[PDB]
Amino acid sequence: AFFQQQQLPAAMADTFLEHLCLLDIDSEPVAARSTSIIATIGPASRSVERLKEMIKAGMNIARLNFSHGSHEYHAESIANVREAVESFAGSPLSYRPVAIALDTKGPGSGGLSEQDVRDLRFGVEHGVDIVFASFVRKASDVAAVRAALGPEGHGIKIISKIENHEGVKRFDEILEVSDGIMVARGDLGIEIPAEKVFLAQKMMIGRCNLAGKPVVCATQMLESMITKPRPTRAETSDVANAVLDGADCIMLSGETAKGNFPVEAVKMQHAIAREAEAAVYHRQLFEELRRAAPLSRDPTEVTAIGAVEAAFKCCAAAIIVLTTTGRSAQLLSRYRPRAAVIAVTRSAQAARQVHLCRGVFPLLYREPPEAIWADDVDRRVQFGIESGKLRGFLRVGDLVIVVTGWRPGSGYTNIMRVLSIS
Amino acid sequence: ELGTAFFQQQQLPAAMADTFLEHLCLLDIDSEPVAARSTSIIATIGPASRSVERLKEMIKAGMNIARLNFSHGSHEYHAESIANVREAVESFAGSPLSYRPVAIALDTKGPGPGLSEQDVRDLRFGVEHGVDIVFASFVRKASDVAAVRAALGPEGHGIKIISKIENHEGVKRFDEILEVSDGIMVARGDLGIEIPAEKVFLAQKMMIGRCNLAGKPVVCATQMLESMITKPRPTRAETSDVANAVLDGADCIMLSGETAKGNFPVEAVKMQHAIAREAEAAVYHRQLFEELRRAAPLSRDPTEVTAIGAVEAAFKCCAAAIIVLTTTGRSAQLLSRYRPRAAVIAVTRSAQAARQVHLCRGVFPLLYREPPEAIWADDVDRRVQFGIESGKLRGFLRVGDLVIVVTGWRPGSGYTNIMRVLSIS
Amino acid sequence: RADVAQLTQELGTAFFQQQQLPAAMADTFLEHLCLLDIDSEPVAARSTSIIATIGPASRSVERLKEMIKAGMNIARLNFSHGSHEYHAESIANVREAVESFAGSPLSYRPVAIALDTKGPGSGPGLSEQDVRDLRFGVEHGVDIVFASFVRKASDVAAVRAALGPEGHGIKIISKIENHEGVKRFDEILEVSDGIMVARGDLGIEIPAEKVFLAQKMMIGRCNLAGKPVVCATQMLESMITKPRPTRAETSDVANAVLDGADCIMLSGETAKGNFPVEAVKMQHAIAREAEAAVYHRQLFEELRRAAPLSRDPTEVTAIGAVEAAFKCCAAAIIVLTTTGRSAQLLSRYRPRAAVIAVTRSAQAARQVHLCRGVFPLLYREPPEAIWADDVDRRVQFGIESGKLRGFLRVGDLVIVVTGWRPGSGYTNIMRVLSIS
Amino acid sequence: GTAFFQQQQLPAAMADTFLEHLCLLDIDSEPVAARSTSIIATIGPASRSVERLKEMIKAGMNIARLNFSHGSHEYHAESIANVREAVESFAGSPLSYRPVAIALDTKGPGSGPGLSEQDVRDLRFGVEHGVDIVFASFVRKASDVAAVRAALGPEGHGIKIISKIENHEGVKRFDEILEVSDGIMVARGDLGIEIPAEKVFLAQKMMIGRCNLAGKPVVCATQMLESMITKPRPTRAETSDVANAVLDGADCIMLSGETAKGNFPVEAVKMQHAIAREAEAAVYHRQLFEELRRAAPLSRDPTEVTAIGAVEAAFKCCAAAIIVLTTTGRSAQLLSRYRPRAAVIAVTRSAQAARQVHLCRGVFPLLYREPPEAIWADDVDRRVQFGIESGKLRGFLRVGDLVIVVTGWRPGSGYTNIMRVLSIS
Ligand SMILES: Nc1ccc(S(=O)(=O)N2CCN(S(=O)(=O)c3ccc(O)c(O)c3)CC2)cc1
Ligand SMILES: Nc1ccc(S(=O)(=O)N2CCN(S(=O)(=O)c3ccc(O)c(O)c3)CC2)cc1
Ligand SMILES: O=P(O)(O)OC[C@H]1O[C@](O)(COP(=O)(O)O)[C@@H](O)[C@@H]1O
Ligand SMILES: O=P(O)(O)OC[C@H]1O[C@](O)(COP(=O)(O)O)[C@@H](O)[C@@H]1O
Ligand SMILES: O=P(O)(O)OC[C@H]1O[C@](O)(COP(=O)(O)O)[C@@H](O)[C@@H]1O
Ligand SMILES: O=P(O)(O)OC[C@H]1O[C@](O)(COP(=O)(O)O)[C@@H](O)[C@@H]1O
Ligand SMILES: O=C([O-])C(=O)[O-]
Ligand SMILES: O=C([O-])C(=O)[O-]
Ligand SMILES: O=C([O-])C(=O)[O-]
Ligand SMILES: O=C([O-])C(=O)[O-]
Ligand SMILES: [K+]
Ligand SMILES: [K+]
Ligand SMILES: [K+]
Ligand SMILES: [K+]
Ligand SMILES: [Mg+2]
Ligand SMILES: [Mg+2]
Ligand SMILES: [Mg+2]
Ligand SMILES: [Mg+2]
């Protein structure tokens, strides 16, 4: 029964062609949904009660579009998101962090506009986790956004939106200084021929996967759902193919901001992503990611590849990792393990930000501390196991890979352990 | 000899990559497609696309197969649509650069436990009006195909039957259906209501992979450019869907309401043409050819053996085209199954085979009407030169190019066994 | 180039020109061959063990000391000739030569003692002489038995029974010497600790032109099973009388290593020849060159893909450790082991990194020479009061001994493999450590 | 049949990995194909008798090597006359006649910087006596090859030059030497004294790989069966060395003292024949063909394009042979470079090309003696039928087998461009 679920017959195929031939509509997904969903907040999704339903449906990141609305409007949206998120904090083993992303208006006909400087300042003051920087054309655009976030915004992730020909041509220099990329297909599809957008999307996703940096696929993914309860056949295909291309996140704009079916749009992205993730051909994908990732003397990078290899060897249900900044979880995510990466962190901000990395399930640790550091580490690992059991990730008898470090503080991950559950 | 400009076009840097990941990283929006569009476009005929003048614009935009949906309209209505298609096609017979065969496909209303009375009468109408293809609705098992085949009667055994897979039973009994069908249509409209909407992409990818393995045509259909029924430009999901159907391995892509009743039928055809050309250049032939070659069983059939040798030879020299002589279309279909980057120019005397080979990706039919030469070797040579001169006129070939030529040792269908490498003079 | 660019800047271009590293990075086996370079010097310690047969040319304590220094890892006693008194003196001389270097782990080299049986002769199974010789082996504490003419699983069960209850720890290496042994190979390997491709008799029992097929098949099956395989007989035959071997002999030794053999053997070359020390030096020199020429990129990929999925934590830790070692060009993998099993499971994946096995068992330290790339370190200190401290002291012993022996250098990365509780069978941890 | 798929290591040939290929090698799986690696036997006192030479030809000797380091010109002229008398004794049966090449192995430069005066005189002797090949000793750079070529004069332009790599400089300047040579000999005797003995296998494997990549012949030489100079059976290391030279990719294997002065010259040839046949069946063509195909550059030469198409077609149908017509041997060499499992039966009128193609693995030369037919197409057909009749008599072909036939569009060398699938009747 185990080997018939989650497209395991197609996963064992010797060629990609045989993998396609073995895909089965009756093979049900079992793993938790790994591709994060970004939902744009607006009149259709601003109330606390509506936001609670969207969190339950699968929303991981709330996007505030600063192209419309005042600072007062966006501050109320942030407060409503936080109220809805914290309404579930009474159950620590199931609490779900939700990131807040600020999407800038952009340069317009101008570099960094004066409105963007004020909006970025607002973001820092209101503790946003991510900035989706509009119309990034070159590396100096990213440096200007970073400078506008100031010394208090050093921890905010900058995701550069590629929306025109120049952004595509200068992609390598932009990715080098960014935390990740958004394929902003709306403007991209008007700036370059509509029939070329898929090439730019596939190239940018491939380059981000090679770099181990998050990539978001955005705009018109389920467009018809703004007025209709069900999407078109092209829309379900688009969502599935963004996941199969290698996207870390998928996005909803008008579908959740102003449409008549915001919750249904989130549920539809969740359902498609789960099916597409099981259809990933890990045999070739892992081989290529492993071969392309450079040789390294960084112990976190070395431990990450060893842990992913070990997880595939035993069909591990999960890789439990302790992380302060999210970096150790990101380095595991870059190899696309089938095993869920359960990231245990004390940082509320890192827990929200790791939603950018595919297959990372953040757990915010709020249990009393242990006096002995080794005992405190063991307790965080047991918290990951107990949360994993409650959420359906783990069962007694499963094998898990545990990734920890030799001393406190970020940057010292160097240990991988094979553990039997219960 | 070819130059650096040649190797920068048609995604050739991405084509030379050693891994699929590197192939993706090298895809370039500035690398322009050069090859002719190989994925055929099926356009549904209706009130928005029935007039002779509108049909001429659709042929110019790229329509290769006209679909008649027998779920609506009388036999008189469909006979007039067929006459209008044939009038529009024959309006280009005065210019060799523009004349192109256009197949006519009859899409049945559907079943009841099996073949409906209306389907028996509509299939009889198809035979009487000389249709090339039947898109059989709601095929659930091999006996449904046998019933359609029997209803094609004494005169219509040459009509191609493309089984439409529209429900759970059709997907589960796919192998037995494909075995007795000429090809398959992934009918996503009904499929997306019969099975969970989020599972349709798995059924599509599986069926395309199995048809590619079998070397039989597969059509991706329904809602590909849906928003274009009322809007002049499609959504980002719609352009993605068309490109991904080609990258999945679909031989044909289809338009339904977009061309039958929408406000932009010509624009919808132009959009599918533009996307298909871009997606075809982005195909990773290095792995695709290797896998098709490895999965295809060993064969003692000379047509199959010649086809793989010809496709291998075409890749070795970057051949502009593979010219093949065919009476039934079978030799061109066996070349198409290996997905060569070279265009397969199929020279035939059969007007029906010329229309039907549009079902096979990368096959460009040329109908030959010269009277037969008394010396057979001279008649073969005249036909090969006809393919070369047509290829020069259409832009496929230039003097100095290499072409692969596929023929047989004696007249009649079934004897293909020769591959030659010719330098264009 | 992008996959090695940062490490090339850090470690230098000289590092990446040695040990056939350009050929190791090739994308195809054809390109791997085209990049093999006679000027690319080997750097790693020799991983394929050398078995030397003891006889009149190599029996004296002084001669045995030179053979240990030259690279002999296993001493073979051929019970087809000589009395029990003769073999007991050979054993005593080997032990005296081995213990002359016991003042420090920098100089100590464990040497295994293997008893090669006379065989069944014209009989259907275990001969009476073999029963007596096997009892002699147990009484004299031999580490390994090379069982002659093994034809079926019941032959190995008879050898095991003849070793008695006190010889349960002795490794049985079945010698495949005839057509029946080749045809029943799978059942024989299943119950044996390893195999010897005994080419002398095999080349007379089957057509001489087919021996290479049997050798390559048996080595491949043993590599797939993760069990030791020995290539034996006439490897450097002309060196019995000449100081230099023929071109076919050097090729044979190199190709046995490239085929996947864990051990290579010398018979008359060391037992009766005029150049026993030179024969050992020649096998050492060829094996180091051939080990560097192994195409790890495809070998590791195929071993990984062919090995079934495993829920054994030692097996899971071993593949993770070998993957980590390849990622950082680790100098060594240090493993704690009681029986040698955790080191054997690392060895089956053929890491380029040396597997430094720290053990308290003198017998396991001798026996692990059967597994390619395992370097035994015998730990003699009594156990610390706190088990975690005792584990740490053993890992540090491996590091210090490794640095002092040139295996490790300051700045190197080492992979350390340990377990969660005392006793054999609980290996489950892999750590990445920087050498300071 | 199942019996067919159990022979010639076909279970090991179908394996998905090289490790599984090794695990499936079977000592009971008998070789069926003709032995493809040529045997070079050195002529000397043990092999000079015309009657002894007839036995060596029957045992499998393809090339007779004359070592000019020993003996006078009078001695070598008698060796040549004896070889030719033995070879021509079988000319009365044209369907079974085996061509045998004559190779002149030079003394070398000695302490000099380049071509010695003795080598100039010996090379002149070679041209005057019509030798087919020169094995040039101690080649250290491209200018050494040019000097050998100049010494052969205008009448020796057709003689093949095989450069012997015997020292560190020859290995380091290998690429420039191979570029101007027809092929290479790994001269392990001197190489094993010039560089450390433990490094010779690296030089051998590298040079074989580079020659295979270039599509040029490579010979493995010296001490392969050394103990057979005095003993009737070789050592285990010697049989392993011969098998591994074939598995490495050597086109030819050589015997020196084993045939020139030993007591078992015929048995040494029989032993190399037996080992080579076993090793050729153990070749993992699945990976080898894929790598040779991928590494070989794109080409616009029709002979090169036809060759890869023909080898691909042969693998598709398990062809028993590829029959090729050749004037210079070049069309057969281009098929050989892809290492088909199918025997390459090369039909030629050139007695010299028939002898020289023994340098290329898997090429079986047939000397056609009939004068040209008036109709060129009939002359081509008669030569293909001669290949089939010889193949049937020798055991290469049987009725029902498929063969690939490679020919050209006009008479004269350089115009090969046709591949044809033929059933043996
Ligand atoms: N980065 C990355 C790596 C691997 C993949 S994949 O899903 O394994 N996959 C994608 C598709 N390609 S492929 O070579 O384009 C392909 C497509 C269709 C076929 O029938 C076929 O034989 C080959 C083969 C590799 C996807 C993404
Ligand atoms: N040029 C050339 C190309 C291919 C071959 S080969 O025979 O297919 N070739 C042999 C050598 N290997 S291999 O990668 O060295 C190898 C050896 C042993 C193993 O068990 C294994 O898993 C891999 C690679 C495959 C031989 C020569
Ligand atoms: O992923 P990051 O940010 O490098 O954090 C990993 C760090 O977390 C730990 O596992 C636990 O550290 P803390 O006890 O400080 O939370 C460290 O050993 C390791 O260095
Ligand atoms: O593809 P098909 O239908 O088998 O037709 C291929 C046939 O065409 C030819 O090339 C030419 O035949 P005709 O002269 O009869 O048209 C034959 O030699 C070959 O058998
Ligand atoms: O390789 P083996 O025989 O399984 O031994 C590995 C064992 O060695 C250890 O690392 C140390 O165990 P000891 O303290 O008993 O020596 C264990 O944790 C582990 O189970
Ligand atoms: O291998 P080569 O030397 O290029 O010879 C191939 C030539 O042989 C032929 O098949 C037959 O030519 P001839 O009739 O002159 O012998 C030509 O068509 C072709 O050009
Ligand atoms: O800004 C965006 O999100 C876009 O244009 O798609
Ligand atoms: O009939 C169709 O085309 C469908 O249902 O998609
Ligand atoms: O017994 C042996 O060692 C042999 O036969 O090779
Ligand atoms: O000259 C030779 O043949 C040699 O040195 O091997
Ligand atoms: K915005
Ligand atoms: K219909
Ligand atoms: K013995
Ligand atoms: K000589
Ligand atoms: Mg935008
Ligand atoms: Mg329908
Ligand atoms: Mg023996
Ligand atoms: Mg020499």
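Every chain is numbered from 1 and lettered A, B, ... according to where its sequence line falls, protein lines coming before strand lines. Atoms considered below: every heavy atom in the structure, side chains included; atoms not considered: hydrogens, waters and symmetry mates.
With 3.5 Å as the limit, one finds no donor-acceptor pair spanning the side chains of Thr219(A) and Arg185(A). For the residue pair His168(B) and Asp26(A), a side-chain donor N or O sits within less than 3.5 Å of a side-chain acceptor on the partner. Side-chain contact, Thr35(A) with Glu277(A): a donor N or O sits under 3.5 Å from an acceptor N or O. Judged by distance alone, the side chains of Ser240(B) and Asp238(A) do bring a donor and an acceptor atom under 3.5 Å apart. With no hydrogens or angles considered, no side-chain donor-acceptor pair links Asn260(A) and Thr227(A) at under 3.5 Å. Using modelled atom types and a 3.5 Å distance limit, the side chains of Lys205(B) and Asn244(B) yield no donor-acceptor pair.
Top candidate by heavy-atom pairs under 4.5 Å with chain A, chosen from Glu22(B), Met206(B), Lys199(B), is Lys199(B). Of the listed residues (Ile25(A), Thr232(A), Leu222(A)), the greatest number of heavy-atom pairs within a distance under 4.5 Å of chain B belongs to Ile25(A). No other option in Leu26(B), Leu202(B), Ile275(B) has as many heavy-atom pairs under 4.5 Å with chain A as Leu202(B). Note on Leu289(A), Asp14(A), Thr15(A): by heavy-atom pairs under 4.5 Å with chain B, the leading option is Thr15(A). Considering only heavy-atom pairs separated by less than 4.5 Å from chain A, the leading option among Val171(B), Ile193(B), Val200(B), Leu191(B) is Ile193(B). For the set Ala276(B), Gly189(B), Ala197(B), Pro234(B), the entry with the most heavy-atom pairs within less than 4.5 Å of chain A is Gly189(B). Ranked by heavy-atom pairs shorter than 4.5 Å toward chain A, the options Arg210(B), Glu226(B), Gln223(B) are led by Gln223(B). Contact tally against chain A (heavy-atom pairs below 4.5 Å) for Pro196(B), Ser227(B), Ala279(B): the top residue is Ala279(B). Between chain B and the options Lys169(A), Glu287(A), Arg274(A), the largest number of non-hydrogen pairs under 4.5 Å is found for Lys169(A).
The CG atom of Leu21(B) lies 8.0 Å from the CG atom of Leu285(A); values are rounded to the nearest 0.5 Å.
Heavy atoms only, all atoms of each residue included: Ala13(A) and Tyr281(A) are closest at O-OH, 2.6 Å. When all heavy atoms of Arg170(A) and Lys138(A) are compared, the pair lying nearest together is NE-CB, 3.5 Å.
Only the side chain of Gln287(B) comes within contact range of chain A, judged by heavy atoms closer than 4.5 Å. Contacts between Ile195(B) and chain A at a heavy-atom distance below 4.5 Å involve the side chain alone, from C-beta outward. In this structure, chain B has no heavy atom under 4.5 Å from any part of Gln201(A). Looking at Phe16(A), both its backbone and its side chain come within 4.5 Å of chain B, counting heavy atoms on both sides. Looking at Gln11(B), the atoms closer than 4.5 Å to chain A (heavy atoms on both sides) all sit in the side chain, from C-beta outward. Of the two parts of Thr236(A), only the side chain, counted from C-beta on, holds a non-hydrogen atom closer than 4.5 Å to a non-hydrogen atom of chain B. Heavy atoms closer than 4.5 Å to chain A are found in the side chain of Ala295(B), but not in its backbone. Contact of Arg291(A) with chain B is not made at all, since no heavy-atom distance falls under 4.5 Å. Of the two parts of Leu244(A), only the side chain, counted from C-beta on, holds a non-hydrogen atom closer than 4.5 Å to a non-hydrogen atom of chain B.
Other residues, nucleotides and ligands place no more than 12 heavy atoms under 6.0 Å from the CD atom of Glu176(A).
Ring pair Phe286(A)/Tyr335(A) is perpendicular by interplanar angle, where above 60° counts as perpendicular and below 30° as parallel.
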